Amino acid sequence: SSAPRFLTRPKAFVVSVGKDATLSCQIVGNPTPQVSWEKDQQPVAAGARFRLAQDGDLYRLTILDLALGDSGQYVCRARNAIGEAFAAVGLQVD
């Protein structure tokens, strides 16, 4: 019945001289959308350093033990039978 929508801008959180980052956004849609993250046009899969989680309409990608190679653009993709929503966020590791 309704295409996905980002209620708030995707955000990337990191502390100065930090070792971990968290990326989150609030997404709604009817039916509830399938949400995934992409970097370098490849899906981000859960593992030891990449943690994916959901809490209602809030979706998270946490990156542990940051490496220089983790820098770049992350795209959040939300999809259901009606449509798809995309929003990107940058991460720069120093």
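Heads up: residue numbers just count along the shown sequence, starting at 1.
**Student:** On average, are the C-alpha B-factors higher in 79-87 or in 6-14?
**Tutor:** Per the deposited B-factors, the answer is 6-14.
**Student:** For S71, return the chain-relative third of its C-alpha B-factor as stated in the PDB record: lowest, middle or highest.
**Tutor:** Top third by C-alpha B-factor.
**Student:** What third of the chain, by the recorded C-alpha B-factor, contains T32?
**Tutor:** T32: CA B-factor falls in the middle third of its chain.
**Student:** For the chain shown, is the CA B-factor of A46 in the lowest, middle or highest third of its modelled residues?
**Tutor:** Middle third of the chain for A46's C-alpha B-factor.
**Student:** Relative to the other modelled residues in the chain, which third contains the C-alpha temperature factor of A53: lowest, middle or highest?
**Tutor:** It belongs to the middle third of the chain when residues are ordered by C-alpha B-factor.
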